[PDB]
Every structure is written in C-alpha cells, then in structure tokens.
>>> print(open('entry-v6.csv').read())   # CSV, C-alpha atoms and all ligand atoms
chain,number,residue,atom,x,y,z
N,1726,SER,CA,144.5,132.8,78.0
N,1727,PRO,CA,147.0,132.9,81.0
N,1728,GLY,CA,145.3,136.1,82.2
N,1729,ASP,CA,141.7,134.8,82.3
N,1730,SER,CA,142.9,131.6,83.8
N,1731,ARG,CA,144.7,133.2,86.8
N,1732,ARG,CA,141.7,135.5,87.4
N,1733,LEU,CA,139.3,132.6,87.3
N,1734,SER,CA,141.5,130.7,89.7
N,1735,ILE,CA,141.8,133.5,92.2
N,1736,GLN,CA,138.0,134.1,92.1
N,1737,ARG,CA,137.2,130.4,92.8
N,1738,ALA,CA,139.7,130.5,95.6
N,1739,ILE,CA,138.2,133.6,97.3
N,1740,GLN,CA,134.7,132.1,96.9
N,1741,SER,CA,136.0,129.0,98.7
N,1742,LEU,CA,137.6,131.0,101.5
N,1743,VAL,CA,134.5,133.0,102.0
N,1744,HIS,CA,132.6,129.7,102.3
N,1745,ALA,CA,135.0,127.9,104.5
N,1746,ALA,CA,135.5,130.8,106.9
N,1747,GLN,CA,131.9,130.4,108.1
N,1748,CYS,CA,131.1,126.8,107.4
N,1749,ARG,CA,130.0,124.8,110.4
N,1750,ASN,CA,129.0,121.5,108.8
N,1751,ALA,CA,131.6,118.7,109.2
N,1752,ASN,CA,128.9,117.4,106.9
N,1753,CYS,CA,129.9,119.8,104.1
N,1754,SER,CA,130.7,118.3,100.9
N,1755,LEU,CA,132.1,121.1,98.7
N,1756,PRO,CA,135.4,119.6,97.5
N,1757,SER,CA,137.4,122.6,98.5
N,1758,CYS,CA,135.9,123.0,101.9
N,1759,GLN,CA,138.0,120.6,104.0
N,1760,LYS,CA,141.4,122.0,102.9
N,1761,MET,CA,140.3,125.7,103.2
N,1762,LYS,CA,138.7,125.1,106.5
N,1763,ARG,CA,142.0,123.7,108.0
N,1764,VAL,CA,143.9,126.7,106.7
N,1765,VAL,CA,141.3,128.9,108.4
N,1766,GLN,CA,141.4,126.9,111.7
N,1767,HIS,CA,145.2,127.2,111.6
N,1768,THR,CA,145.1,131.0,111.5
N,1769,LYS,CA,142.8,131.2,114.5
N,1770,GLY,CA,145.5,129.2,116.4
N,1771,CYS,CA,148.7,130.9,115.0
N,1772,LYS,CA,150.0,133.8,117.1
N,1773,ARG,CA,153.0,134.8,115.0
N,1774,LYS,CA,151.1,134.9,111.7
N,1775,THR,CA,153.1,136.9,109.1
N,1776,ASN,CA,155.3,138.9,111.4
N,1777,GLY,CA,156.8,135.5,112.4
N,1778,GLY,CA,157.1,134.3,108.8
N,1779,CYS,CA,154.4,131.6,109.0
N,1780,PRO,CA,154.0,130.4,105.4
N,1781,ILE,CA,150.4,129.6,105.6
N,1782,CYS,CA,149.3,133.0,107.0
N,1783,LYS,CA,151.6,134.6,104.5
N,1784,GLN,CA,149.6,133.0,101.7
N,1785,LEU,CA,146.2,133.7,103.0
N,1786,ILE,CA,146.8,137.3,103.8
N,1787,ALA,CA,147.6,137.7,100.1
N,1788,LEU,CA,144.3,135.9,99.2
N,1789,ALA,CA,142.4,138.0,101.6
N,1790,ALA,CA,143.7,141.2,100.0
N,1791,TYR,CA,142.2,140.0,96.7
N,1792,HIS,CA,138.9,139.5,98.6
N,1793,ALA,CA,138.9,142.5,100.9
N,1794,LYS,CA,139.0,145.0,98.2
N,1795,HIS,CA,135.4,144.0,97.4
N,1796,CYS,CA,134.1,142.8,100.7
N,1797,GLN,CA,131.2,144.7,102.2
N,1798,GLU,CA,130.6,142.4,105.1
N,1799,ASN,CA,131.0,144.2,108.3
N,1800,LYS,CA,131.7,141.4,110.6
N,1801,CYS,CA,133.6,139.4,108.0
N,1802,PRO,CA,135.2,136.1,109.4
N,1803,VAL,CA,137.7,135.7,106.6
N,1804,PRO,CA,141.1,135.9,108.3
N,1805,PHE,CA,143.0,139.2,107.8
N,1806,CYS,CA,140.0,140.8,106.0
N,1807,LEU,CA,139.4,143.3,108.8
N,1808,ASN,CA,143.1,144.0,108.9
N,1809,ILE,CA,143.3,144.7,105.2
N,1810,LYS,CA,140.3,147.1,105.5
N,1811,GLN,CA,141.9,148.8,108.5
N,1812,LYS,CA,145.1,149.1,106.5
N,1813,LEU,CA,143.1,150.8,103.8
N,1814,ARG,CA,141.3,153.3,106.1
N,1815,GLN,CA,144.7,154.2,107.5
N,1816,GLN,CA,146.2,154.8,104.0
N,1817,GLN,CA,143.3,157.2,103.4
N,1818,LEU,CA,143.8,159.0,106.8
N,1819,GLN,CA,147.3,159.5,105.8
N,1820,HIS,CA,146.4,160.8,102.4
N,1821,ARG,CA,144.0,163.4,103.9
N,1822,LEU,CA,146.9,164.5,106.1
N,1823,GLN,CA,149.1,164.9,103.0
N,1824,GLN,CA,146.4,167.1,101.5
N,1825,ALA,CA,146.3,169.2,104.7
N,1826,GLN,CA,150.1,169.4,104.6
N,1827,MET,CA,150.1,170.7,101.1
N,1828,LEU,CA,147.8,173.6,102.1
N,1829,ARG,CA,149.8,174.2,105.2
N,1830,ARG,CA,153.1,174.5,103.4
N,1831,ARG,CA,151.6,177.0,101.1
N,1832,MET,CA,150.9,179.3,104.0
N,1833,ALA,CA,153.9,178.5,106.1
N,1834,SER,CA,156.6,180.4,108.0
J,1,ZN,ZN,131.7,123.8,104.0
J,2,ZN,ZN,150.1,130.8,110.6
J,3,ZN,ZN,135.7,140.0,104.1
>>> encode(input="entry-v6.csv", output="structure tokens", more="lines below")
Ligand SMILES: [Zn+2]
Ligand SMILES: [Zn+2]
Ligand SMILES: [Zn+2]
Amino acid sequence: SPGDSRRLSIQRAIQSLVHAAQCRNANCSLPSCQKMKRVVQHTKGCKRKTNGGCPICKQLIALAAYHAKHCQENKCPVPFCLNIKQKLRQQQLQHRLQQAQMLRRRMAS
C-alpha cells in the first residue's frame, strides 16, 4: 500500500539520521551513513537554517519532527530535535495559560 510504504520509508530515514548524528567512524559502512552524515555536518555549519530558507535544513527539521515526537534522549544530537521538544513544551505552557484564562474570565470584572 502507499500508506505502509511512506511510513516504512520515514522510519528507515529517522533510524539513519539517529545513526549518522552520532557516528564517528569514517570507517562506517552503512549505505545511508555518508549522505546523512553530510546533511548533519551541513547543519552544524549553517547559520541561517530555516529562517533563511536553507533547503537542506528545511527538509531535516521536517524529518526531526517525525523523530522528536518519540525521542526520549536528553542530550539528543539530531539537529533540531531539542528545538522541536522546546516548541512542544512551549505549546503546553501556553495551553495551561489558556486553561487559567478560562477560569479567570469566569470570575472577571
Ligand atoms: Zn555511520
Ligand atoms: Zn542549512
Ligand atoms: Zn532526538
């Protein structure tokens, strides 16, 4: 199916990013490693990242989002993973504040 196929592909890709983000063997021989490593090296070096429309970083922040939802790794070296977790904490802070606001409106004036 086209559904199972996309999912497979995304999960193979995230698995390869997780590998390549921490791989320190120039002697590594996983076929995907070399290309993913480069994309990861590039992000370390790219200052503008997505705010500046860099097309590589724009693609791996979308990949990291698929990854970060599940990631439990505290010092995760996948590019943008920490950012996506920050963004999620902040959505929750804001949600709590919406809940406070609801109670406050009820008592207001
Ligand atoms: Zn490797
Ligand atoms: Zn970039
Ligand atoms: Zn992560």
>>> closest_residue(input="entry-v6.csv", among="N:1828, N:1818, N:1738, N:1771", to="residue 1758 (chain N)", atoms="all atoms listed in the file")
N:1738
>>> atom_distance(input="entry-v6.csv", atom1="CA of residue 1736 (chain N)", atom2="CA of residue 1756 (chain N)")
15.7 Å
>>> closest_residue(input="entry-v6.csv", among="N:1746, N:1765, N:1782, N:1787", to="residue 1800 (chain N)", atoms="all atoms listed in the file")
N:1746
>>> closest_residue(input="entry-v6.csv", among="N:1767, N:1749, N:1792, N:1810", to="ligand ZN 1 (chain J)", atoms="all atoms listed in the file")
N:1749
>>> closest_residue(input="entry-v6.csv", among="N:1801, N:1761, N:1832, N:1788", to="ligand ZN 3 (chain J)", atoms="all atoms listed in the file")
N:1801
>>> residues_near_point(input="entry-v6.csv", point="(141.3, 131.6, 94.6)", cutoff="12 Å", atoms="all atoms listed in the file", output="count of residues only")
25
>>> closest_atom_pairs(input="entry-v6.csv", of="chain N", to="ligand ZN 2 (chain J)", cutoff="7 Å", atoms="only C-alpha atoms and all ligand atoms", output="JSON lines")
{"residue": "N:1767", "atom": "CA", "partner": "J:ZN2", "partner_atom": "ZN", "distance": 6.2}
{"residue": "N:1768", "atom": "CA", "partner": "J:ZN2", "partner_atom": "ZN", "distance": 5.1}
{"residue": "N:1771", "atom": "CA", "partner": "J:ZN2", "partner_atom": "ZN", "distance": 4.6}
{"residue": "N:1773", "atom": "CA", "partner": "J:ZN2", "partner_atom": "ZN", "distance": 6.6}
{"residue": "N:1774", "atom": "CA", "partner": "J:ZN2", "partner_atom": "ZN", "distance": 4.4}
{"residue": "N:1775", "atom": "CA", "partner": "J:ZN2", "partner_atom": "ZN", "distance": 7.0}
{"residue": "N:1779", "atom": "CA", "partner": "J:ZN2", "partner_atom": "ZN", "distance": 4.7}
{"residue": "N:1780", "atom": "CA", "partner": "J:ZN2", "partner_atom": "ZN", "distance": 6.5}
{"residue": "N:1781", "atom": "CA", "partner": "J:ZN2", "partner_atom": "ZN", "distance": 5.2}
{"residue": "N:1782", "atom": "CA", "partner": "J:ZN2", "partner_atom": "ZN", "distance": 4.3}
>>> residues_near_ligand(input="entry-v6.csv", ligand="ligand ZN 1 (chain J)", cutoff="6 Å", atoms="all atoms listed in the file", output="list in words")
residues 1745, 1748, 1750, 1753, 1755 and 1758 of chain N
>>> closest_residue(input="entry-v6.csv", among="N:1759, N:1815, N:1766, N:1799", to="ligand ZN 3 (chain J)", atoms="all atoms listed in the file")
N:1799
>>> closest_atom_pairs(input="entry-v6.csv", of="chain N", to="ligand ZN 3 (chain J)", cutoff="6 Å", atoms="only C-alpha atoms and all ligand atoms", output="Markdown table")
| residue | atom | partner | partner_atom | distance |
| --- | --- | --- | --- | --- |
| N:1793 | CA | J:ZN3 | ZN | 5.2 |
| N:1796 | CA | J:ZN3 | ZN | 4.7 |
| N:1798 | CA | J:ZN3 | ZN | 5.7 |
| N:1801 | CA | J:ZN3 | ZN | 4.5 |
| N:1803 | CA | J:ZN3 | ZN | 5.4 |
| N:1806 | CA | J:ZN3 | ZN | 4.8 |
>>> atom_distance(input="entry-v6.csv", atom1="CA of residue 1802 (chain N)", atom2="CA of residue 1819 (chain N)")
26.6 Å
>>> atom_distance(input="entry-v6.csv", atom1="CA of residue 1751 (chain N)", atom2="CA of residue 1795 (chain N)")
28.2 Å
>>> closest_residue(input="entry-v6.csv", among="N:1820, N:1829, N:1794, N:1762", to="residue 1808 (chain N)", atoms="all atoms listed in the file")
N:1794
